[PDB]
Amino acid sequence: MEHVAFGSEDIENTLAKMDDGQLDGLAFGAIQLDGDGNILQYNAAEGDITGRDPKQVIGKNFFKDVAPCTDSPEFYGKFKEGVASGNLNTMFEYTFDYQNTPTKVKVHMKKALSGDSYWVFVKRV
C-alpha cells in the first residue's frame, strides 16, 4: 500500500503524475478527470467501493455517463465552478445510488498539478 492519507494537505504533490499501478496502491478511491469530466484514471479502491470496472470506465464521461447521480449542483456544480476558476478544493459527503446499493461516502475534489486534470477522492463513511 502507498502511505498517503485521505485529505492530506499536499495530496496533489504526492499523487502528481502517479501511474495507474501506484494509484491502485492507495487506501481510498481516486479518480482523475479532465475539465469536462472525462475519466483519465480510476483506481482499484474506487472500483471496490462502486462496483465499476476501473479499466472500462476510462474515457467515459463521469457526469453524463458513469455517475448521473452526481449530475447536480451539489457535486457536478461544485466541480465545474472549480474548473472554471482554476482552484478547486472541496470536501463533502454524498450518497452514490445509481444502479447499486446506496452508499454514503466522503468526497474530496482537488485540482491536480498536471494540465486539464482534477482529482476526485472517495472513502466510505
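One rule holds for the numbers: they count along the sequence shown, beginning at 1.
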item	value
Mean Cα B-factor comparison, 28-36 or 76-84, giving the higher one as deposited	76-84
Given 67-75 and 52-60, the range whose Cα B-factors average higher in the PDB entry	52-60
Most elevated Cα B-factor in the entry, residues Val125, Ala5, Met1, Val122	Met1
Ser117 - which third its CA temperature factor falls in, relative to the rest of the chain	highest
CA B-factor ranking of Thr101, expressed as a third of its chain	middle
Relative C-alpha B-factor of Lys111, binned into the chain's lowest, middle or highest third	middle
